[PDB]
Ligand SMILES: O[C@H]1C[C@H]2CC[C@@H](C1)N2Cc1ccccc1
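Here you get one chain, nothing else, as structure tokens; it is the form deposited without the named molecule.
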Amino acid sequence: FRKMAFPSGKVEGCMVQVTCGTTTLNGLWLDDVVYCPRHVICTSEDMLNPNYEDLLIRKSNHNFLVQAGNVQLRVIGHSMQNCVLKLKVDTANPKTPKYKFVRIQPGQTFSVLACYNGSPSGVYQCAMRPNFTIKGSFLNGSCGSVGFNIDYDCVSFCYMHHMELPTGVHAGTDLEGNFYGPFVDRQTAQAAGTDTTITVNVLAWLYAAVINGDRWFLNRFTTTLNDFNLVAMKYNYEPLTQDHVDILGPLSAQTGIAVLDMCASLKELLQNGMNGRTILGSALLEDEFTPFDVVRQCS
């Protein structure tokens, strides 16, 4: 199994750069609006403790330089929504795809198009961790890069990049400007909380192993959801939700293995270890492939 990103072209066609003064971030151009992190309006001195409302009231449309490549896109309106700035522009992006803005849950995966000065550099798959960070790859200049999924022809934007934490993980907002996790857009010391293992994705991985004929770990027993969740937390595994049980349904139907029976197998693995064996050629249990990712790569 490979981490596989969505093809990035539909998002590449929406990337722009936004400059205030000497500060250039990436923005997302959809119809006649450009979305970007509001900290583009901050000086280094503002960043230490910014008053965004005051900073913005002193800004005018003509202070914002929006460019697609080197072609300026004139700004005709501006507003702030949580931690994102929305700049109305006088040109509708002819490459706008069908799109929506979604807020994802921990454990869900998405593709990141890393961009610098509006120019795409690379694309990779990420999982939202339970502590609301992503293990991304981002350098200075990447703020405003977005994460997304593509369903049929519709791009669901779910992430806009803002922050790199001391442990080298990343934090950001949805496209309505609300941070995932407790983070704030201020240049003050912050840290990722203790992370946990994404149980629903580990289960998806076990289902993937079964689909490929690797099934030594299946046992004759079952468990209740509550008993499993209480045990899982003692191994720093996330508890399951009803939604997790639901999204495992297709894999459960494909293999004939009830979700709670697979939970009982995973519990035995947690309690007893791998005893030197591998699953899908790995001694480690993978937790960044969702049930959707598994069906998309097996079938």
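Rigid core here is just the name for the largest C-alpha set that superposes within 1.5 Å across the two forms. In this text, residue numbers run from 1 along the sequence as written.
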### Message
If you average the CA temperature factors as listed in the entry, which stretch comes out higher, 184-192 or 137-145?
### Response
184-192
## Note on the structure
Ranked by mean Cα B-factor in the entry, 61-69 and 266-274, top stretch is 266-274
### Message
Per the entry's Cα B factor values, which of 31, 243, 53, 261 stands out as the maximum?
### Response
53
### Residue, from 164, 151, 174, 90, that the PDB entry assigns the highest Cα B-factor
151
### Task
Select lowest, middle or highest to describe the third in which the CA B-factor of residue 281 falls within its chain in this entry.
highest
### Query
What third of its chain's C-alpha B-factors does residue 9 belong to: lowest, middle or highest?
lowest
### Query
Once the chain's modelled residues are ordered by C-alpha B factor and cut into thirds, is residue 169 in the lowest, middle or highest one?
highest
### Task
Check where residue 199 lands among this chain's C-alpha B-factors and tell me if it's the lowest, middle or highest third.
lowest
### Message
What third of the chain does residue 124 rank in for C-alpha temperature factor, lowest, middle or highest?
### Response
middle
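Another form exists, deposited with the named molecule bound; not displayed. Remarks below refer to it.
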### Query
Looking in the bound PDB entry, any heavy atom of residue 258 within 4.5 Å of the named molecule?
no
### Contact flag, residue 93 vs the named molecule in the bound PDB entry, heavy atom cut 4.5 Å
no
### Query
Does residue 233 make contact with the named molecule in the bound PDB entry, using a 4.5 Å heavy atom cut-off?
yes
#### Entry: Interface membership of residue 237, the named molecule in the bound PDB entry, 4.5 Å heavy atom rule
yes
### Message
Could you pull out the residues of 106-142 that have any heavy atom within 4.5 Å of the named molecule in the bound PDB entry?
### Response
130, 131
### Query
After the core is overlaid between this form and the one not shown, has the C-alpha of residue 42 moved by 2 angstroms or more?
no
### Task
Compare the position of the CA of residue 140 between this form and the one not shown after a rigid core fit and state whether the shift reaches 2 Å.
yes
